[PDB]
Structure formats: C-alpha cells, structure tokens
Protein chains: 4
Amino acid sequence: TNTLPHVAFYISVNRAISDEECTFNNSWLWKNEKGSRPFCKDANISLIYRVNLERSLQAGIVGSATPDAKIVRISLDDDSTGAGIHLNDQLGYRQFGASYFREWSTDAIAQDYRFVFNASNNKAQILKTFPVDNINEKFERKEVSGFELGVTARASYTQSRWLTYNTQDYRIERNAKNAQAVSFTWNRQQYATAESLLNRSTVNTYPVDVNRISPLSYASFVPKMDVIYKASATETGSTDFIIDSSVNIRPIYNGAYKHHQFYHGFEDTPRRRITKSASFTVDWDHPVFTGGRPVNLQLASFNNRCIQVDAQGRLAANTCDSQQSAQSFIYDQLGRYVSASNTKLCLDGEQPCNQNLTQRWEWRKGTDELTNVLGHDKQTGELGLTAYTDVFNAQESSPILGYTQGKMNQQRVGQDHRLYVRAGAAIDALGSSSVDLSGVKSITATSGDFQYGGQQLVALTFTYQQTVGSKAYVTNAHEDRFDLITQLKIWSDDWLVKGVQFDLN
Amino acid sequence: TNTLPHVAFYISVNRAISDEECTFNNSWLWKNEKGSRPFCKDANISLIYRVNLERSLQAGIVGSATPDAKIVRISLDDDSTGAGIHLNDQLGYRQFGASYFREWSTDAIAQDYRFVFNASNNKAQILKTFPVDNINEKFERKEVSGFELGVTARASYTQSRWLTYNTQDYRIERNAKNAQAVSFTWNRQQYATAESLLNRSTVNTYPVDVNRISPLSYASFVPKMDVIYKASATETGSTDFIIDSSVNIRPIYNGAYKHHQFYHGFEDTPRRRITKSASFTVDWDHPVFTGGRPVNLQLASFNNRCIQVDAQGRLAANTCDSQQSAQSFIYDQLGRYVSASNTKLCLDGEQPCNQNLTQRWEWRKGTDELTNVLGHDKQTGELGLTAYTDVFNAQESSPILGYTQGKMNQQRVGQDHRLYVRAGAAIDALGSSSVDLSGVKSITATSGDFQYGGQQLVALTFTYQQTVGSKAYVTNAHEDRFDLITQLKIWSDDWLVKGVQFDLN
Amino acid sequence: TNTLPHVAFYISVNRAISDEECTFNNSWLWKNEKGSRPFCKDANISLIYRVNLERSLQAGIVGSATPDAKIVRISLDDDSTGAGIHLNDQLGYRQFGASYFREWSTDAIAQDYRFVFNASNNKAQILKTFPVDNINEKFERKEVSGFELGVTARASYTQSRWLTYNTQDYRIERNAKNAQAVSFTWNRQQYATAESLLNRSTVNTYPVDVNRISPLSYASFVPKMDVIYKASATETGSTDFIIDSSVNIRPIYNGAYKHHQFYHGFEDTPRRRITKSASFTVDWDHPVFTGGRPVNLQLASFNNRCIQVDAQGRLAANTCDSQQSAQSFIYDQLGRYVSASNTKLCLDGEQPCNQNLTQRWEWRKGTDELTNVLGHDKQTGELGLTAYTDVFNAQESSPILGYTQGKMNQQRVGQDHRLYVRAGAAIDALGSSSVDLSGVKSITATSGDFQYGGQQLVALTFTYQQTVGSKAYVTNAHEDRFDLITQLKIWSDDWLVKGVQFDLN
Amino acid sequence: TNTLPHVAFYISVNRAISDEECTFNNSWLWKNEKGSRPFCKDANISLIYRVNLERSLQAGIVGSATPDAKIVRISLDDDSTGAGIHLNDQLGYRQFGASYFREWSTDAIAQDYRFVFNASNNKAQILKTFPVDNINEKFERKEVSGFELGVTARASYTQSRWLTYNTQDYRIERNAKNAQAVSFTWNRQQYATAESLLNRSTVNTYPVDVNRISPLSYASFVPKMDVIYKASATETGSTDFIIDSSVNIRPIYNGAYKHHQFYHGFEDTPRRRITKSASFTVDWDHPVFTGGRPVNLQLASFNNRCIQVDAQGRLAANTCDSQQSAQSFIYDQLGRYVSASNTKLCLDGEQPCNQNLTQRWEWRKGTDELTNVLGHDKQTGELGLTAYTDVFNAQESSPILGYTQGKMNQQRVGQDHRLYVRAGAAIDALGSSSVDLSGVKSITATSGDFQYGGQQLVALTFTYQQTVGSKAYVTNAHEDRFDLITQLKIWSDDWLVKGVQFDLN
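Each chain carries its own residue count, beginning from 1 and running in the order its sequence is written; this scheme need not agree with the entry numbering, and residues with no coordinates do not appear. Chain letters and ligand numbers both follow the written order, the letters beginning at A and the numbers at 1. These chains belong to a larger assembly; the values given apply solely to the chains on display. Remark: hydrogens and water are excluded; side-chain values derive from all non-hydrogen atoms of the structure. Residues with missing side-chain atoms are left out of burial classes, side-chain pairs and their counts.

In the PDB header, cryo-EM is given as the technique by which the entry was determined, and 3.51 Å as its resolution.

Pasting the structure below:
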C-alpha cells in the first residue's frame, strides 16, 4: 500500500507484410519493363509495447515536491521490446539491364522506424521523454599552427582545423507534434542512402556492400523510447491514443553511369510507408489515480460479503466482484473513507467531499477490526450503532479496423442502433442502408486502400449477409478481424472513412 | 515462498560428427581427381543449454508495474556454456596440385555457429533477447582541413575524412523469425572468408596464417544468447520448440592464379550444414505459473497423509507423491485456497473461481495450525465441523529421432495403436504395414538422408523384427537411439518423413 | 549449515627435471659434432592445484533457478598457484661453429605450459571454464581518405586502412576434448618462435635479446584456469581424472646464413615434452553432494555414543568415528531424517525413499532435544516409545607410477592376488610370474621410457626381491616411489604398460 | 575469538656499508693507476620486514572451501617498508684520464635490489606471491596500409607495424627457486646499464644525466613483495629461513672512444654484491596454528591460579605465566577441551585424540561458569565431582654471525659443550681446541671474507680470551655482535665455515 499504483499490460502488435503489399517497382523508369517482384520476405511486425497508466505522486501527504499530474507511459524498455521489424532474412536481389542502365532492387531496408504517439485533444499534456530531448554530445575542435626552419632555406606555415563528433548508424531524431504528442524518427545518418552504402567509385560486381548494411536495418530492430504525459489534478474525459509501430519499407537501388562505371545511388528512391496502429481509450476517472490501495469493509454476516454500492447513496450488502471498483475503499491520511472507484468524490457520514470529521470508522488500535468516532443484525447488515479489489488492471484490448488518419470524432449510436453507409462507387461518408448491431460475435472488415485514393474501410462484411461496401475498386488488401455493445467510433479524415472502434464489456 | 518460481534443468546436447559425414570434396573442380578426405577430427558437440520456464510477476498483489505474461528462457549464460563446438584440434591440411591449380583443404572452420529457436503457433509471443537487438556502437568521424604558407611559394589545401568503428571477430547478427521465434547468426566479419585470411599478395609456402584463424573458430566456441517469451495471462495449449545447436562446417580453400603467385580465396566454398536439434513440449497449465509456492493441508490421522484429489470434487486422504501436483495447495493474497496443480481453477467451499469469502481455512494466529471462517474422526478424515510437493522440476527429456524441418502436426494414435508406413522405394508419407506399440523398451531408428533427397527417417528398426524402412538408398548415416506410452508425433515436411517424438510417463 | 558444502584439499605437484632428461642435442644437423649438454638447471615443477568437489545447488527447496548438477573444479586461482615451472634461472648458452654454421643452444624456454584435464567416460559432463571460452576482445578499424589542393598544381588522393587488436605475450588458447574434458594451451603469440625473438637483420654478438625473453618464459610461470563439470542428479560411478602439469621444454636456436650475417630462427626446433600427471578417482556417492550439513542423533547412555549403522537396517549404539559417514544424519526440508553417508537412500520409520510422514523425530520447539510425531533404557538404547562427522574432506592422495596415456581399464585383482607380468625383452601386456601383494609397505617402481618405444613401466622392484621388469633397454630414467589393499589399476595404452594405481584405506 | 590468529613482529634489519667495503676500483684497466676511492657515502640498510606466521582456515567447521594448510608471509606492504637502501645522497663523481681514456666512477647505483627467500627442506611448500607471477600487461599492435592517387602520376603503397607495451624503471622479475622458495629481482630494464643512461652520441661535459638516474636508484628504495607458504595439515619440524635484504652495489662508468667523442657505457661493470641476511627458525607445533583463541579454566581457590600442566597427564594448580602455552585451553566446535599449547593432541576425560563425548565441561547456559556432562576443596583443587595466555607473539630474535651460504646442517652440542675449531692458517671445518660455553653474556665474532676465498667466520673472539680464529689473512671486515643456552647451529658450505646461530631462552 506504500508503493505507486499502476495498470501494466502489454499491447500485442502483429502485422504481416504480405508480398502483395510488398510488391513495388523493380526499377526507376523501367518499372513496366522490369516487371514487379516482392522485396520483403516473411516481413512480420511484433514490437511488444509496454504501455502503463500511472501517477507521479502520493495522496494525502503535505510537502508536495514533485508536482501532481497524470503521467502516461507509452514506451519500450529493456524488459519489453518484441521480436522486431523484418523485411528479409538476407540481402536478396537480382540484377537487371536496360531495354542508368543497371539496377539492383536489393531486398528492402528502411530509412526510419518512425513512431507517432498522438492524442487529439488538450485534456492532458506531455511532460518528458526518455531520449531527454534531441540528445547532444559534446564536440571538440583542434587547431594546429607551426613554422619550419629548414636549412638545406625553407619556411612553411601550415594551419589545419579538426572536428570530431559521435555519429550513430541509427541515431534518434525526436520531433514534438503538440502539447499532447511527440514523434520519434530514426532516420539514417551513417550509411544513409544508396549513395552512402556505395563501396567503390571507378568489371561487373555487386556494388552494395553487406557489411555496411547493418543487421539493425534488415534483420531486426526493436524499439526503445519513452513518452510521459501530464494533466490537471482534477481532469476528467476520454482521449483516443494512436500508438504507431511504423516503418518505411524501401528497396535499395544502385545504377551505373554511361561515362568508368560509377554506381550512383538514387536519392529519389520510392520509400513506401507501411504501419500498424494501436489505440486505447483512457478514462481519467480510473481508480489507478487514487494514490492509495483499496481496503474493503468486511462483513461477517454471510458468505459473499463486500459492499456493492451505486451512485444513489444507499448501502446494500451483496457479492464480491474483482473488477467492480465499488466494492472496496481507499484509506486516506485524513482518516476518512474514500471508495476505491471514485476518489473525485468520497464517502460521507453526514455528500460532496470536504474536510469533515465524522467520516471516520478507524481501525482498532491493536488487532484488525473497525471502531467509531460494524454493529448490525444479520437480517439487514446496514450501518447502525482487509482485501483488495484489484481494479488496477485493464480489460481486453479491441483492435481497430482499417487505418487511422485525419480528424477524429465520436459518433453517437442511433436509437435504432443502425449503421448507415452513405457510400456507393465512391466512398463519401458513413455514420450511425441500415445494419442491425446484434447477433454477430465476429466481424470481418476485409478492406484496404481504395483505387480512387487514400486509406479507407472499403468494405464491411457483416456475416450472421450485409455487405456494406464495394470491392471492385480496391488496391492492396490488408484484411483484419475482430471477435466479440456500448457505442461506436469512426475515423473519417475529410471525406473518406477508414477507422472504426467497438467498445465492449 | 517470497521468490519467483521456476523449473531449471540442463538439456544435454551431444552430437559426434563422424568422418563419414565430415568427408567433403578436396577441391573445387578437382573433387574426383583429389579424392575425398575428412576435414574435422574428433568433432563433437556439447553446448549445455540452460532452458528454464518461468513467469515475470507475482500473484495476488495490487499495483501491477511489470506486465503479466509468461517468459520462456532458452538461453546460455556464464554458469552454463558446455565444452563447445569442435572440428579439429589443429589446422591440419594437405597441399594438392592440378591434374586455380593449387588447393589447401585446411581442416574445417565455420562461417557461423547459428542458432534457430522456433515455436510453430501463436499461443505465445516473444518479448526480448539478451544482445538487446542488433547491438550498435557509437561511431565517430574526424574531418581535417589546412593550408600551408611555405616560402622556399607553396600553398596546399588538404582535407581528409576519418571513420572508426568497433568490429569483432565473431560478432552477433540477430534475425527475428516471427512473433514466437528469433535466430542468432555469428557470421564472420573480421577475417571473414578465405580471401580475408590471406597473408600476402605477391616461393611455395602455406598461405593461410594460423594467427588470424582464432581459437574461437577451430578449437572451441561456447554459445551465449538469451530469448525471453511472452503470452496471455490465461493461455493454455502445447507448442513444440526447436532448440538448435547448429554450425556451418566448411573446409578452408586457397588457390594460386596463373599470372606473381597470388593466393585467392574462394567465396563459393561449400559450407555444409550439420546440426543437433533439441525439442521440449511445454504445457502452459504447469504449476510453475502460479506465483506462490505450494503449501499442503496436513492430516494427523495416518502415516502417509496428503490429499490426493481428482477433478470430480470429492476429497479422499491418501499417500503423498512428490510430483503429484494435486497433493498440495497454493496460498493466495485473497486468503482462500488454490491447489498447487491448477491455479486456473481453485478450491471452493460453497466450483469456478470467484472472490468468495467462505473459501478460507486460515492459519492460527500464533502457532502453526488451521482455523475456520480440521475436525474429523480418524475413520474418515473428511471435511467437518507445512510442506512442499515440488512440481517445479521437469521430467526426463525424450530425444528426437531424425531431423526437424517443415510443417509440424500432432498425429492421433489409432485405436489399434498401429504405426503405418506409406513408403516404399521412395518415402511419401507415414502416420498412425502395422507395427505393434508394446513390448519394446528401446528403439533404434538407424537412418540419415535419403539418396533421393532431403533428410528423412529412412528406416525404423523395431526390435523385440519389424524393419519398416529402406536402407539401400541412404546417404550419410546419422544413427540415434531412444530408451524407454502416451501418444506419438511426426515431422513430415511436405512429402518426406523425418522426425518423431514419443512422450512417456 | 546454510552454506554450500565442499571438499577442499591441495594436490601437491612435484617433478624434478634431472639433467639426464634435460640433455638434448646441441645443434640441428651437428648433434653428434656439438656433443650433448643440459639446457635446464634446477628445473623443478611445483604448481599447487586447488581441486575441489562441490555441488551447484541446495537441497529440499522449491524454486530451482540454478540447474541441479555436480560441478567439479580442478583449477588454479589467486590464493593457490605454486612456485611455478622452471628451466633455468638465467639465459645460459654457449656459441658453436661448423665442423647454418652457427648455433646458440640457449637455456630452454617453453612454447606452451599446456594442461590436459581428461575424464574417460560419460558419467559426468563439462559445464563451463574460467577464461569463458576463447576470449575475444573488441577490435577497431580506421579508414582515412583525403585529397590535397596544392598550388606551387598537385592533387593526391590517399587512403589507408588501420587495424588494432590486443595481443598478449602468453595468451590463452582453450581446446575442448569432449563432453567431459578440456585442454588449455598458452602457445606463444607475441615473440613466438626463435624468429620472433630475433633482434637485428643485417660483427659477432649474441643475437637473442634477453628483454623480449620475458620472465614468464624462463624464470617462473604459475597456472591460472578453471574447469567446472556437470552430471545427472542421481548419477553414481567412478571416473579416473588426469590433471596434468605439463610443459614443452625446448632450447632456443639461432643461426647465420652464408650470404650480411642474418640470424634466422628455427621453426623446426625440437620441443621435447615433459609432464607431471595427477589422478584422483571420484565416487559420486560422496556425502559432499547432500546439500545439508550432517547432524547426529545424540545418545545420553554411555561415553562414546554415536550410531554406527550398517546397510542391514538394525541400529546399534557404538563409538564415534570422524570420517565414518554412517554416524551422523542430514536434516531435510521435508522434516525427515536422511543419514549423512547416503542421501540416495534415506532413513525410514515404517526402506526406499518416499514422501512419508512418520519419518520424523523433530527437535524441541525451544531447547535442543528430540520429539516424536529418545526413550530407551541404558541397557539397550534402541528405538522405543548436535555435532558434525566431517566427511567433507578427502583422504591421502596416492601418486601414480609411470605415465598416463592411451585407453584405461580397471583390472580385477585375482583370487590369489598375484600380479602377472606378460613381458620379456619387450613389454607386451600385464595384468592381475606371480607377485605376492603383502608384506611391502613401500614400492619402488624405477622405470622410464623403453628403448623400443613409448613410455612404460619398464621395471617394478618389489622389495621385501621380485624384480618384474627389464632394465638393460631403458631410456631416460624418471624414477618414482609410493609408500603404504583394496584393488589395482593399470594404464596400458595399446600393447605397452605404463601406469598403475594402488587404492588403500 | 572469531578472527584468524597470527604472530606479528617486525624483524629489524640494519647493515652499514662502511667505506672500507665500498672501496672498489676507480677504472676498468687503470685500477692501479686511478687509485681507490669509496663510491657509497652513509650507505645504510633498513628494510623493516613484516614477517608473520599464520594459517589460512578456521577450526572445527564442516564445509572446507579454502584448503587447509600453513601460510607463511615474509613480506613487505604499505604499512611497513623501512627507510630503504642507500648508497649516496647525491651523484658524486670525479673525472679521470689515461696514464677508453676517460672514466667517471659515479657514486654507486644498483642493478637490482634482489631478495632471496629460501627454506632448505621439504616439510612445507610455497603457495602464492603478491606480484601474482611475472606480471604481464596486455600489448597492442596497429597495422596501417594505404595508397595515394596523386595527379601532378604518383601511387605509393606504405605499410607500417606498431607495437606498444608498458615498461617500468624498476620492474619486477620473479624467479622461483624450488617448492619452498622464490627470489625477486628488480633488474634494470628502463635506463638499464651505463649505455642506457647515456645522454648524447656525438667539448667535455658530464655525460651521465641526473634526470634519468631516478631517485629510486640512488636516494632510497623500499621493498614490496609477498611470499605465502603451504604445508600439510599435520606437519611438524623445524626449517631455517633466509630472509635477504640484498642489493647489487656498482659504480657507474662511462668512457670516450678514440675516433667524435662518444661516451660508451660499460656492460662489464663490476657489480659487487653486498647483503644483510635474516633467519628465523620456525616450529610448526606453534599455538598459532590452532584456529581458536585460548580460554583458561578458572580456579577460585588461591591467588595465582591457572593450570600449569606437563606431558605426564597429572593436573596441578600453580601460578600463571603469559607465554606458557600450557596454562590455557582452546575451545572446539566438537565441545571438548583442547589445550592451547598442543592441538596436535588434546585433553581427554577418559589420551590420544578422538571424537569422544565425556571430554566436555561446557559453560553455563546463561552466566559464565562451567558444567558437567569445578567441585574441589581448597586443599587440593584437583578434578572431582575467561582469559588469554597470549602465546601468539614471538620471542626476541637472535642475529646471525657471518654469512649464509651453502648446505646447512644442525650440529648437536657435545656432552662437554666444547666448541672445536678444526682450522689453522686455512679454514677447513668447525664443529661442536675446546671452548667453554658459559660465563659469556656477549659474543664478538669479528670477521669477514678470508683472503684465501669465500665468506667465512674467520675469527671468534671469546671474551670472559679464547681467540679461535686467524686475523692476518682477512679481507673487508664486516664485524657483528650478539648479546645474551639451548643448542648451536652452523652454516659451513663445502669446506668453509661462515654462519652460526645461538638459540636462547
């Protein structure tokens, strides 16, 4: 009870880059002549996030030296990194010729394993990060200057300037979105582009060296970053997060010049972006933010005896539920009783919170029982004259269907609970035809990016068949699923509907 | 009882590379002219794995800060590495001539001592590794630029760029297979190929230096890596692992060019792959994952008195068995009783688990005996009004017969328990002729790689003689054995049957 | 009782290299012309081994995190190294001329102070070593490249590659024999051969510098290595070890070429091998492997009162012996009684070991006496209704007579206990003429290497005189002795008898 | 009583190098022409040794992890080094000319401050040393190689090899004599000989620089080394040690060549050896080797009451003596009584040592008095029905007279106790004329090295005058003295008598 409470749960991240999506052009200008072949084999994403909701202070103690706020860690550390990004287990490739007259579409590497950690609204704030700003190392410079007195007469004055600094293969570039978001980009600085991976300058041999293509670029890379948030002491609301496990897949290129045969890398290499987005909606009224661990009010009357309470105020003795935060109580340094569920309000023995005195049924000085400033007959058990309900863990995560982009709003489900799709051959808008939202324990939203443009939820197969969506004008097909209602969400950016979220339980 | 429980047991690894398997070609194009001689002498594999099944958190405590999962360590560390790989105690060799006109088939070195750690299905996940991703060291660059004012007039402007980075002889290259697997390759970077081991450029002297052939390449190398897994909190199932102690045996080559006599190494050197695979099937219902150490319910009636319980629900007082996890109980922070065997369910004093209260027979406040929210006559001992059953150790390991490759499925033994071999001169498929599965305490599956192709179980000598398998079309003969039934396994890849597993006890 | 038990005892190593053995040739081709002179003076071997038999875990505790095995340390550390190897206190030498026309047979140095640590059979395994595999340090490389803009016009592009690595004078080269053995070779890498110790290239002066002949090569070197073994939890047997304090004695050579007078060292220098072997037979049933310290069952009846027990099962109260492991008992975490001698079995109050309950006579809660789940009259003392017997030390070591090589088998002494020598002018085989094995408290096996070839026990002087062995065809005479029966051992390799071991007490 | 016991006592070392001994030749070939002058002024030796006799383990505890032996430390450390060696407070000198034609007999420096630590016999062994063998630092090598592409065309390929290692001015060279001895030589490596101290190569100026003649060579040097011994657990005997505070006094030389005037140093410089030897005879039966501190058996009868016991067995209550080790008792972990003097045997309440039980009179549980498995009348005090006698300090040291060299034997004093000198004009042998060994509390053995050769006891002035020795044929006179019998010692090497030792008290 003397330790900081949290809610710790890994958010499993899985996304398999099928060769249909991996299939890019095999040349720059000879894309049609060179055909199309995949560039990533067995490309799978598994970056096990360590996302925890926590506070940065205790409760009830005078002498605040660390400011009171709400710190949100959506982060990677030593004990949780996942297997990692993958494009190809080895640097596969295939030489081509003209129909730059040479090309080596080497199996993909990535420019940056970028992360975007966004929260839409201003209910919270961002506080710090783990790389502690854009990390700067101390440089150093040397200046030499001398003259020679040579008798053979020679007198030469030379002066050279030195500069040393510590580069990295995959350094960190941190970019802050706004007061509630920050993005991390590991852009390539050492051996950056195809020009930098070049081996010689002035015979036909593979000119892309394997040694300088580090294992961190092709084999596996694990994430490592923290973001810590902030908010008011008495803030309430809900904000949808976007935790992104994102990469920049791109084939290496290299070509010869009609001069010496010089292997010039391409700066304009098409770096396709593929992602995998995770979202968790947070309720800042959670019992994690109390600062003290719950303690229940024991009842000796019957078998299942913990107070299941409602917002009305009356007390009824009922069964005990682990995650029903209304069946245990905090204990404060003011001596009163605060229920585990709601520390924004508090139990009153007179009501809204204040500094009253009769709010107390303190423990026995000595053994473990309760005193007065629980006499009740077995028939009633009501007020008259320990254990934990661990609500400090999160429920099952609900994956998103489609893609996350653009402005986000929370739709209100209609009285009929019918989902309306205002789309035809072209997708314009959706909202809450009519689809019945019952009798379906497993949804299958087979979709991708529409041929007209953008990333959308081009189809929503509603099997019991309510096929609300077109399928004849769809590009690369990233299909997902979600097994099983409270309400519905949407992620239409401007005029294209991509994302959806179903909150259950 | 306050420490994290585990199951610790070395998995002994033994594999002797006989000269029959070691026999490779003695040249590149003169293989028939130069005959065939072995390249590894006394080549034996002993890499004592330290495989332990463990969890990453406690039980019953509020304030989860380390996420709850199941962490599987199949790893090497300081206190367990084994003797190591071996090809030849010294760099033996023999010069040859034409009939590149020179060759030195030096006693084998290895490109990489690769490890593949695979789990087939998605019931679990991978969490971290010991080399913490592909390790990247900080680089550094220096730029100098200066001009000279020489009066003898001379003015020269020179600018040079420096680059320093820390190479290793046997560095680590980590490649992640999928969300439940990762592979470790120590490919050669410093003194990589036969070209790199070259000593001079432009007399007949041994041109492969011994100094740069480090002892880690020929004498002995011990493994050093960790893999740590992950899964859901309430996951159950069975997954077959593949722990591989694998090397890449290859003779060194070097040859002269008909020009100066230049010793050019061969990049296309045939690097034969030989392995030794270890598999252990895990049951995620194991009592290792409880978080609290078992405590038994003492009976003072008779001599051998620990509750041997079944799944029916009735309680009978019987003898005590060390590894019968049904004869002791966990103790929780909820105060109830959970049996050591099954923490997925729990003992109920009313049943499925819940947060009830009458589930308690708590210890005496003071001395060591049991109270109420064990009065029984010596005649019955049933309910009326400490010690450990160490099930935190694994049983004897059952070695595999053949090789592990391709898709894996678990066969169901037939009612007659007859093993059927649907193979003739060519192996097509097997499954569960008819072989009686009784009366044989020692199997001898003498086999190898079939001449038609691939690695198979070409023969299964069933001695009591049921010789189910051909022997006239078999390549290098790696023969194994297995001494002594529950069920049977198989490892047929596409159309070729290689592996088999017999779970006993 | 809370600490890991061991058996610690130095194994004294002594071997004096007499000048008769040290006498090698004084030249390469002029051996007869240059005569024969000794090359090592006062050459004595004393490398005090620190050999200890120990386990790697406790007993009776649930939560096995370090795997249970049997770890054998045959090792050198900081507190035990011995005086060291010695050939000559100073670099003595003598110039010679032709009858390469010059030679300096400098007083011997050694190529390697090699150690072989061998165990014949597979009852145990090897687990780790102290140099933690062949130690590899991190290398580093630097590449520079620049161009000059000189106006006097000059433009030069230069590119140089750097390589740095940490050599040692006497580095460590570890070679693993098999799953129960490993060998350590400190071959010379820095100033390796006579060529490397050379001082100049192009007057008659001593050309072998003393400064680069380090004191570790001629004056003294102490050993430093560990080997740690492994075995099954319930393994029993006996394996003979071979702890070797071995060197490679060799005179330095150097000669001039008939050109400039260049001092070319000889790569083909004859490096004679001289050794000193130590063997200790281990019984894995030793009381060292219990994990808990013995505690005796006190008897208050008579003066000398500790239970001397046999394998029959009956209990008789008799005198107390320090090393009679049958006169004390372990105490377990199961609460029962296990005797100190045999933890493979255990005391039973009903017998073979199990998890019974009536096996207990637990101590008093409070003072120090014994209770029930020792009432006996002084007349009998038998069962009716603390101190240590330190068996955790080894007995006196028995030195070996001759040499250790080839296959090893344990002979069974005949009923008549007569030793038969099936050898004449040439040694063919021995085994158990007839020699009476009694009445001799001191054996004198004066022998060496036979002139016909190999290292043998060429003679066995049996003084009471039974001279079983020839002496007219013996080379360098390394004579030993052994003072004082259970059984007899032998070490005949193929057809030549060298070693013998006499286990007493 | 829980700490390791020792016997700690400095051994004061004093030896004044008088100018009579310091007087060497003033040239190489002009010794008679250049006369004779002293080279060391105020040359005094004071190296306070820290010699302690100690053990390496406790007593009575099971679980031996550090091997049981007897460790002898004859060593220097931080808290005890002495003032140091001295030849001259400043580099005095005097130029000379011919009658190499120049010489500068600079005030003496020393090649090595060598130490020899010898024990004659094999009753003990050597175990380790403080410099932990001949110390070897890790070397490093760098190889660079590059080509230039210069257009003015120039193409140069250069390759250079680097080598770095850490030298010392006075490094340590450790040489091991045998299994009971080791010698330490700090031979000069940096600025080694007169050639190395040279300043220029090609005016008459002092050519021996003062800066490179470090203060450690002329002003003062203190010793720093440890030697640690070993022996059997039950070894008894006596061995005479030779602790040597020895130097190698030598004048610096330097001379010009009749060419340029080049100052060539002399490699053949006469390095005279002067010493100061310390010897202490050890009795391995000392009470230091018990492992437990003595505790006495209190008697309340009379004033001076501690049991003075003899070897007969009877007990008599008498006075208390501090260093009479027979007046206190050890206490063991077996619970018995062992006397402080003799732990080889032990007190028996039945006798030779065994594991009996009635050997116990244990202390009171509670207050401090003695119980039974001391009732006696004041008249007798004998057996019927704490404090320390610190014998863990050594007595006064007896200096040696003469020199220590050659074979050593212990003479047995004759019945008449007459010392016989079998020497005349030439010393042949001595042994035990006739000299009465009484009435002389101060001996004066004025002697030195005899003119015939070697270091001897050329005279023994026996003042009460028994002048047993010649004085007309004696070289440099190192005279000593010894103030004040048990027995007598001698140190005749082959046929020349040098040393003598008188053990008193």
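Notes on the arrangement of the chains
We call two residues in contact when some of their heavy atoms are within 4.5 Å. When C-alpha atoms are compared, chain A and chain D, though not in contact, are closest at a spacing of 12 Å. The two partners chain B and chain D share no contact, and the minimum distance between any of their C-alpha atoms is 12 Å.

Regarding the packing of aromatic side chains
Under the pairing criterion, centres of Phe, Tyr and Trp rings, with the six-membered ring standing for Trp, must be within 6.5 Å; the plane angle then separates stacked pairs below 30 degrees from edge-to-face pairs above 60, leaving the rest tilted. Scanning the entire structure with this criterion turns up 92 aromatic pairs over all chains. Seen in terms of ring centroids, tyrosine 49 of chain A and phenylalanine 117 of chain A are 6.4 Å apart; in terms of plane orientation they differ by 85°. Their pairing is edge-to-face. With respect to class, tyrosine 49 of chain A is no different from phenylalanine 117 of chain A; both count as buried. Centre to centre, the rings of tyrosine 113 of chain D and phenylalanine 221 of chain D are 5.0 Å apart; their planes meet at 15°, and the pair counts as stacked. Both residues of the pair, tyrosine 113 of chain D and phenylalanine 221 of chain D, belong to the buried class. Exposure categories follow from relative accessible area, calculated using a 1.4 Å probe and restricted to protein chains: below 20% of the type maximum is buried, above 50% is exposed, and the middle band is partly exposed.

Considering the interface of chain C and chain D
Taken together, the contact between chain C and chain D spans 59 residues of the former and 48 residues of the latter. The set of elements that each furnish at least two residues to the side of chain C that touches chain D consists of β1 (6–11), β6 (49–55), β14 (155–165) and α2 (215–218) of chain C. Taken together, the residues that form the side of chain C that touches chain D break down as 24 nonpolar, 24 polar and eleven charged. When DSSP finds two or more bridges between two strands, those strands count as paired. Helix and strand assignments come from DSSP, with helices taken as H or I runs of at least 4 residues and strands as E runs of at least 2, each series counted from the N terminus. Here eleven bridges tie β14 of chain C to strand β13 (residues 140–151) of chain D, and the two strands are oriented antiparallel to one another. Within β13 of chain D, the residue paired with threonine 158 of chain C across the bridge is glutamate 148 of chain D. Side-chain classes are defined by residue name, with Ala, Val, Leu, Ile, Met, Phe, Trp, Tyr, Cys and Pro counting as nonpolar, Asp, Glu, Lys and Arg as charged, and the others, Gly among them, as polar.

Section: the sheet that holds strand β13 (residues 140–151) of chain C
The strand order β13(A)-β14(A)-β13(B)-β14(B)-β13(C)-β14(C)-β13(D)-β14(D) describes an open sheet built from eight strands, whose pairing is antiparallel. The open sheet has two edge strands, β13 (140–147) of chain A together with β14 (157–164) of chain D, and neither has a second partner. Between one strand axis and the next, the sheet turns by 15° as a mean value, whatever way the strands run. All axes are obtained by fitting lines to C-alpha atoms, using only the stretch in contact for helices, and the reported angles, taken between N-to-C directions, cover 0 to 180 degrees.

Comments concerning the interface of chain A and chain B
Contacts between chain A and chain B engage 59 residues on the former and 49 residues on the latter. For the side of chain A that touches chain B, the secondary structure elements donating two or more residues are β1 (6–11), β6 (49–55), β14 (155–165) and α2 (215–218) of chain A. Looking at the side of chain A that touches chain B, the element that brings in the most residues is β14 of chain A, giving eleven residues. Of the residues that constitute the side of chain A that touches chain B, the class distribution is 24 nonpolar, 24 polar and eleven charged.

Some words on the relation of the copies chain A and chain B
Here the copies are laid over each other by least squares on the C-alpha atoms. In the superposition of chain A on chain B (RMSD 0.0 Å, axial shift 0.0 Å), the rotation amounts to 51°. Residue by residue, only 3% of the interface of chain A is reproduced at the interface of chain B, so the copies engage with different surfaces.

A few points about a nonpolar patch on the surface
Patches draw on residues past 30% relative accessible area with no salt bridge. Two like charges within 9 Å are joined, as are two nonpolar side chains (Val, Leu, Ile, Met, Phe, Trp, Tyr) within 5 Å. Throughout, the Shrake-Rupley method with a 1.4 Å probe supplies accessible areas, and for residues the shown protein chains are the sole cover considered. Take a side-chain nitrogen of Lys or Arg and a carboxyl oxygen of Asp or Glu: if they are within 4 Å of each other, that pair is a salt bridge. A cluster of nonpolar residues, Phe147, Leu149 and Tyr157 of chain A, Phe147, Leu149 and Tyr157 of chain B, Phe147, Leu149 and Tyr157 of chain C together with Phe147, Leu149 and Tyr157 of chain D, forms a patch on the protein surface that exposes about 1,300 Å² of accessible area. Breaking the nonpolar patch down by element, the ones donating at least two residues are β13 (140–151) of chain B, β13 of chain C together with β13 of chain D. Mapping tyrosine 157 of chain D onto the fold places it in strand β14.

Thoughts on the sheet that holds strand β31 (residues 435–436) of chain D
Residue and element names in this part refer to chain D. Here we have three strands laid out as an open sheet, ordered β30-β29-β31, and antiparallel in their pairing. Of all the strands in the sheet, the pair left with one neighbour each is β30 (427–431) and β31. Note: strand β29 (residues 418–423) against β31, two bridges, orientation antiparallel. Bridging across to β31, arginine 418 finds its partner in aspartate 436.

A closer look at the pattern of salt bridges
Should their charged atoms come close, side chains of opposite charge can pair. Inspection of the entire model under this criterion finds 40 salt bridges over all chains. A salt bridge links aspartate 209 of chain B to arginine 212 of chain B; the nearest nitrogen and oxygen atoms lie 3.6 Å apart. Here the salt bridges do not stand alone but share partners, grouping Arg50, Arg73, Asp77 and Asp79 of chain A into one network.

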